[PDB]
Amino acid sequence: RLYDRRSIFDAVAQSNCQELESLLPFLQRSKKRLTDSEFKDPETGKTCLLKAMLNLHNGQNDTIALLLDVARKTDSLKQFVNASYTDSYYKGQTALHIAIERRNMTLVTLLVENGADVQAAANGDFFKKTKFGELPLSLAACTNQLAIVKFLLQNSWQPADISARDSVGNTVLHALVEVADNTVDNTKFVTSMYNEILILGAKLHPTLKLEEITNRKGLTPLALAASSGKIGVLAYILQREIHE
Ligand SMILES: Nc1ncnc2c1ncn2[C@@H]1O[C@H](COP(=O)(O)OP(=O)(O)OP(=O)(O)O)[C@@H](O)[C@H]1O
């Protein structure tokens, strides 16, 4: 009949609802909400949904489901599902991001249909270059996740902005170029995903001049490849760029 940060986090990660059974009335009666400070790790920002996203057997976590649901019934749902990591390492990350990272269609769908921002920028160190993509779109795109990419743009609940730009003004095409490392297998996949995107550049916005967008440096996706030295892809872009 009561719950604290750990109590919930415990069951969520344990992946059981018998101990979550009755979370709503606590929140109802205590007028506390999963959203406010108490139920977050100030260090990171892990909300109980975010713990759930990390802990999942075979891709399953029935917690996620009777959790967005308990969040929805408590007047905090858009706020709850878009919660990102307050830290400097995993800065932008939302529930949605992880679902895409973890290549989970069933979870990425049961998430945006509960109102996940499909424009949330993965702002942290984790996504940056030190050894892109940044946007749920550009991410799925770059991870080779076409089945999800389509779901993002062609979405009935919330369309992904196909011509969006991250910090450093990079679109999905830029992102792809940025990922081309010249391997037989790499060039192939980037080429395909590139093509596929431009094809959806027909059905959804036959009006958009997508090939022509400039990043913060001021390069077209082609112009990037030219300097970036991704010769394989540059050849594709140019070759296709002649209607076949
Ligand atoms: N977006 C992410 N992708 C992959 N791994 C992550 C991500 N965010 C956090 N992690 C890693 O996974 C762990 C988070 O999962 P979880 O909270 O279940 O860990 P835990 O062992 O239960 O407890 P703790 O959070 O104290 O480690 C972190 O230890 C972190 O190193």
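Residues numbered from 1 in each chain as written, not as in the entry; some residues may be left out. Heavy atoms only, no water. Residues with missing side-chain atoms left out of burial classes, pairs and counts.

What the entry reports as its method is X-ray crystallography, with 3.20 Å given for the resolution.

The title given to this entry in the Protein Data Bank is "Crystal structure of the ankyrin repeat domain of TRPV1".

Enquirer: Hey, could you run me through the overall build of the chain in this one?
Expert: Helix and strand counts for the chain stand at 13 helices and zero strands. Seen in sequence order, the chain has helices and strands lined up from the N terminus as α-α-α-α-α-α-α-α-α-α-α-α-α. Oriented by its inertia axes, the alpha-carbon framework of the chain measures out at about 65 × 35 × 30 Å. (Helix = DSSP H or I, 4+ residues; strand = E, 2+ residues; numbered from the N terminus.)

Enquirer: Please explain helix α4 (residues 62–72) as it appears in this structure.
Expert: Two residues of an α-helix separated by three or four positions point the same way, owing to the 3.6 residues in each turn. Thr63, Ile64, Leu67, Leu68, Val70 and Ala71 are the residues of α4 that are buried. Down the axis of α4, the buried set is contained in an arc of 160°. They therefore lie on one face. The outward face of α4, more than 90 degrees from its buried face, is lined by the exposed residues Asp62 and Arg72. (Buried < 20%, exposed > 50% of the residue type's maximum accessible area, 1.4 Å probe, protein only. Arc of directions from axis to C-beta.)

Enquirer: I tried to follow the packing of aromatic side chains on my own but got confused; where do I start?
Expert: In this description, a pair of aromatic rings is defined by centroid distance and the angle of the planes. All chains considered together, the criterion is met by six aromatic pairs. Seen in terms of ring centroids, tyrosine 90 and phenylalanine 126 are 5.2 Å apart; in terms of plane orientation they differ by 85°. Their pairing is edge-to-face. Of this pair, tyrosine 90 sits in the loop between α5 (78–81) and α6 (95–101) while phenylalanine 126 sits in the loop between α7 (105–112) and α8 (136–142), placing them 36 residues apart in sequence. Accessibility expressed as a relative area gives 41% for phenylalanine 126, which makes it partly exposed. (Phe/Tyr/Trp six-rings, centres within 6.5 Å; stacked < 30°, edge-to-face > 60°.)

Enquirer: I would appreciate a short explanation of the state of the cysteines in the present structure.
Expert: By definition, a disulfide is the covalent link that joins the sulfur atoms of two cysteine residues. Counted under the stated rule, the structure contains zero disulfides. Of all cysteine sulfurs in the structure, the one in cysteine 17 sits closest to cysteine 48, which takes part in no disulfide; the separation is 12 Å. (Disulfide = S-S within 2.5 Å.)

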